[PDB]
């Protein structure tokens, strides 16, 4: 297992066209480096 | 030539038997001729079916070869000549087909020092695509099937575990190009 | 988690290159019999050229399977390939035939005056073992690149990382767990040599090929003893007993039955030779696509995410 | 006595109680190893499955070979004879050789050596 990052996933459209989707929080690897 | 065989008849010519003999003996000689020619013909037809079966299997192989190798990039090695495969171009032949399998073949080699992983901050780095190499003075990353070196960056590598577990691991610095962007 | 298992797969490659002297079969040192055979024409020469084409075809089968590599590679003296012990499957130079121990088990598990001749195979078993030693040498050292051209030499951990990336497993999985994979492969090698030392029911196909050939030859020999309506099956008895026309009637019956028997035998040999040729093309395909590279065809090379196979020489066959 | 083919394998003499084992005489097929008639007229006879006693002589596993000067060098196969032995027409005369399996190539394996197609 690894944490869902922005380089693990690619965005496509919006979250109403897809069946079976759950809600979560995507970790941004750019976030702690941009905070630093 | 098997027409010329008598098979015990007085001649292999049918008309000679018909013109020489009365039918009570000529039917017997003709019966021997029918027996011999029918056996020869059945042997011939048997050879015909076995050879046509062999050519049928060859045609099925040729259809498979063009349907995979011509109509797309069949990456099965040695189906389409020696080497990595690009195309084959079918040309007609008398009772056959001839392909022109154009292939990718490597030419010249060069020895380099390799490590399956490197270690930057106590963390193991594996290449996402390719293999780490060394020319003797620096550790560089390259393609598996062609030599072009690049600087090993964060985006060339994926971090997995620590440096204790893998063997053959050397000590280097993983470049982060995000750090000069933060320094910018 | 996972496991690594090896699996045998036994394919017959060639038959026994058997040639029959047709005139000697039908007429053993007889003049009137050879006269009445040549009255029937070119049956005998056609059957001889047919059996010759069969023998040339099995030689071509053995050649087209075993001679895929040109450069005969040889293992380096440092045998340390990541803990993978190949000692049973490598050939043994201390044995007077440079064969593997596995190939010794394979050869161990496998069991006249009438023109019935056996032509020798062109490639002897030792040079077949030398071909297979070259194939394992290229597979262990160079990886799969030796089938593509030059032997691009690679380490074995790099090779197994590349094969795992071929089946989709990322290389960190093998590099963090290589010792377990090596121990599982060595244990599977132990189980396959125990299974080959156990019984010959795996080699029953190859034994069945040899037994079919022996059944055909023995039935042909028994058909020599058949009268086909004659007063004797011994030709010299009829020649001694009878006047020449009264002998030649019985000789006609004997040549008729024996030519039908030979045509039957040649037909069975032809169909079985075509079957063996198709099996040889299948074996050549399997070795070219699984030994010389990593196949992604499922169930073509045993159950599971296939990585490679290693050939072993077998009597009239090959084993992956 | 009888053989496996219902043929007379052994006899006893009628005048004297002496037992004789009958073996038929040493026979084998005749093969001719030749190059083309465009090239030469020289032929080499390969007797099959007999030793070279009962017949420039070399003995093969396939049988008696006459006319091929046996060479201890190894060439690629041109005319296959049997059991790893092949023939060719060079200086000319018919020769016999153990056929070559190719060129040996030692592979420089190491635990950190690679070869890349540059």
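Per Swiss-Prot, chain B residues shown: 964-1147, in order.
The deposited model was determined using electron microscopy, 4.1 Å.
Just so you know, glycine gets a Cβ as well, placed from its N, Cα and C.
Feature annotations, reproduced from Swiss-Prot:
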| type | residues | note |
| --- | --- | --- |
| DISULFID | B:1032-B:1043 | disulfide bond |
| CARBOHYD | B:1074 | N-linked glycosylation site |
| DISULFID | B:1082-B:1126 | disulfide bond |
| CARBOHYD | B:1098 | N-linked glycosylation site |
| CARBOHYD | B:1134 | N-linked glycosylation site |
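Within its own chain, residue B:1134 (N-linked glycosylation site) has B:1081, B:1082 as residues 6 or more apart in sequence whose C-beta sits under 8 angstroms from its own.
The number of other CB atoms found within 10 A of the CB of residue B:1074 (N-linked glycosylation site), across every protein chain shown, is 14. Listed in sequence order, B:1080, B:1082, B:1085, B:1086, B:1087, B:1132 are the same-chain residues at least 6 apart in sequence whose CB falls under 8 Å from the CB of residue B:1126 (disulfide bond).
Under the DSSP three-state reduction, residue B:1043 (disulfide bond) is assigned to coil, being neither helix nor strand.
Residue pair residue B:1032 (disulfide bond) / residue B:1074 (N-linked glycosylation site) shows a Cα separation of 33 Å. Rounded to a whole number, the C-alpha distance linking residue B:1043 (disulfide bond) with residue B:1074 (N-linked glycosylation site) is 29 angstrom. DSSP classifies residue B:1134 (N-linked glycosylation site) as strand under the three-state reduction. For residue B:1098 (N-linked glycosylation site), applying a Cβ distance below 8 Å and a minimum sequence separation of six or more within one chain yields B:1075, B:1076, B:1112. In the three-state DSSP assignment, the secondary structure recorded for residue B:1074 (N-linked glycosylation site) is strand. By a Cβ separation below 8 angstroms, chain D lies close to these of the recorded positions B:1032, B:1043, B:1074, B:1082, B:1098, B:1126: B:1074.
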